[PDB]
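Listed next as structure tokens: two forms of one protein chain, kept apart as structure 1 and structure 2.
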Structure 1
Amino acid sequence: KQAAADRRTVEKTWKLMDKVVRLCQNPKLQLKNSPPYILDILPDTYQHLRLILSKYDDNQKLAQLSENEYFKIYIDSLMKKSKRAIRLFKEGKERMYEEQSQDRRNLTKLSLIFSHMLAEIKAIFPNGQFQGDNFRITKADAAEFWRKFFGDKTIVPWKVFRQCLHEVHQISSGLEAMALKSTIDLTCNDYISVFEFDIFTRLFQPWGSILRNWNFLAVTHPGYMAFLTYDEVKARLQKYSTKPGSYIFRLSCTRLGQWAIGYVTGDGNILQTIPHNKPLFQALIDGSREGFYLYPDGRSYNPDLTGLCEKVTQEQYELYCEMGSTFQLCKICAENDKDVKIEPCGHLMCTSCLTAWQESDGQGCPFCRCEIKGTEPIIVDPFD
């Protein structure tokens, strides 16, 4: 239940965003030349919110804008993530100037979220005018699923989304649904917009086997590198510059919904290819056959991807989730946040999962089997 997105509220986010920009202007961090460039994303976010206000330039237009379900979620999320970034500098202290630290890692995670939020608002409010109820989902079979379950909604809670997705593509576990959430919920706000749904369905098409494509291509494929800048792709492949056909595929925060395959050419150079509006597995199959994509991440074994033309372990889902921000999500249901701690073992879960466990098995903690001497409500930050 977020507050109305009135002018007063919108401006509170600008002041919080200016605070993040000031903290990030410190030369000790060296963030001026540090992607995704938070010192560029936050001013651009300001200019977009300003462009939107110019389009809703009267009291009646401001009343419609402040009631817009997507806009309220956006401003509330922008507010939350900005406060989170200020809190990161407050508690990180000198560990913010060390590039390998977890505090710096969390700032890169926040910088990626602000990048995704900016691309989202520009897609939903092109030219500052709301067009979410007329957003074009690139895949028709994915568009039909969205229209079927959510009508003309532009954004829906993750918990409603997951359940409706399960009705068409079965999700096998709590860890799989958590890995899935960190993949689709790019803005890390516990909601899925039609834009985030379009990116996910473009990346892992065809829709008919989208969870098999995602499990193979992203959860277990050695060639998958998640978000990388081109300099990082080159740095990764430089080790294998002596092995033509070495390759990796990555996401690009400036080309959402598309893949970029970086590869070692016969003459030692590192080049990249952006596949067309076709499945990534077909581009990898064609490239393997043609001698360009042979060794994923320089490794001799290239997985057989032909099965996708016509089994992931719980540990693999756990490693996959580490990169994202899902530590606050209940591992059992993957739909509610952790809000209770079991005493004395310290394991965490949501209130309703603990009540369900207590009425079903209840013979110790559902994770370690230790006797439940007590419970204590808690608030979990994604970076705890």
Structure 2
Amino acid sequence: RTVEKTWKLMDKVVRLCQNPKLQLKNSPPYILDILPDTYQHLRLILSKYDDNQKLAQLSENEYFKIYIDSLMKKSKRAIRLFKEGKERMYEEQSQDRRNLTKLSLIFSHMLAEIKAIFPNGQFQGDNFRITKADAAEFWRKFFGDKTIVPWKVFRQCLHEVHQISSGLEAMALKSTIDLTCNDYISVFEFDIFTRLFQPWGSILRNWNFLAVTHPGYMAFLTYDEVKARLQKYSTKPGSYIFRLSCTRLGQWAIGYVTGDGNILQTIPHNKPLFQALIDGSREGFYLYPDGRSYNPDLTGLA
């Protein structure tokens, strides 16, 4: 029954994020759509598992156990936020509030993950098809049909193929791949990471140069946050930053200041991120990452 206490905690978060003092923007990730849509897909799951055996098998499904826990954990966390923050949660620019945006981002990724792992409410994690063949092979060789793996084990296996240089690189990596922030990597999270920092063959070097050392890279930011941040640099066209698309997981969203002072965001589709950044740089659109002068040379990744 732990799914019932999870809904109560979620309902509270929603009820609590409905407080119109927040002036929340209907813009993905929008918590007032995400949490009820999550309860709904959870409804859809319980209804597809319609008798006691099916409910028993579900209760033993490892991914689902981790999911419901995470979701309790995270729902508890958002409640804790509002209790500790109180007044600060009405301040657009408080850290308590940024924390809530982060959590909204986490719920959005969790929502999309459950719709990929339980499409229509039926479990198909063991048949999730990884998008890239090299990454696919790798998940296969080490984890077969698992839907979800603990970080440490993921890390140990990854390291046998693509070596991690140090502890803090491992931590920066975890933080990049563990989008749901539950200290596990699902096949879905892995699909996303391997799409973002393709090709598989040079994957950690791609991440190193596109994320770990790149000033333009923004972790856990929204569309609205990108726009507000580049607003500071609107007198310096060519200012840009990039991040994970929230509504098109596995792809990047590039935000830039145009010559006329507009903030546009664009999503590469065929072109991998590095070519998009080389192409943009050379035509004057992507010159100043996060408003800064030094723009990393990415030509070596071709």
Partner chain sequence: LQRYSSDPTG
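Basically, rigid core = biggest C-alpha set you can superpose within 1.5 Å across the two forms. Numbering runs along the sequence of structure 1, starting at 1.
Trainee: For this pair of chain forms, which number matches the form solved in complex with its partner chain?
Mentor: Of the two, structure 2 is the form solved in complex with its partner chain.
Trainee: If you fit the two forms on their rigid core, which residue out of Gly208, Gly291, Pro126, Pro157 shows a CA shift of at least 2 Å between structure 1 and structure 2?
Mentor: Flagged residue: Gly291.
Trainee: After a rigid core superposition, would you say the CA of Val194 moves by 2 angstroms or more between structure 1 and structure 2, or not?
Mentor: No.
Trainee: Using a rigid core superposition, assess whether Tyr247 undergoes a CA shift of 2 Å or more between structure 1 and structure 2.
Mentor: Yes.
Trainee: With both forms fitted on the core, check whether the Cα of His221 differs by 2 Å or more between structure 1 and structure 2.
Mentor: Yes: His221 shifts by at least 2 Å between structure 1 and structure 2.
Trainee: Any chance you could measure the C-alpha shift of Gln30 between structure 1 and structure 2 with the core superposed, in Å?
Mentor: Rounded to one decimal, the shift is 1.0 Å.
Trainee: After superposing on the rigid core, how many Å does the CA of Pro275 move between structure 1 and structure 2?
Mentor: Its C-alpha position differs by 2.9 Å.
Trainee: Once you lay the two forms on top of each other by their rigid core, how far has the C-alpha of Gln238 moved between structure 1 and structure 2, in Å?
Mentor: A shift of 6.5 Å.
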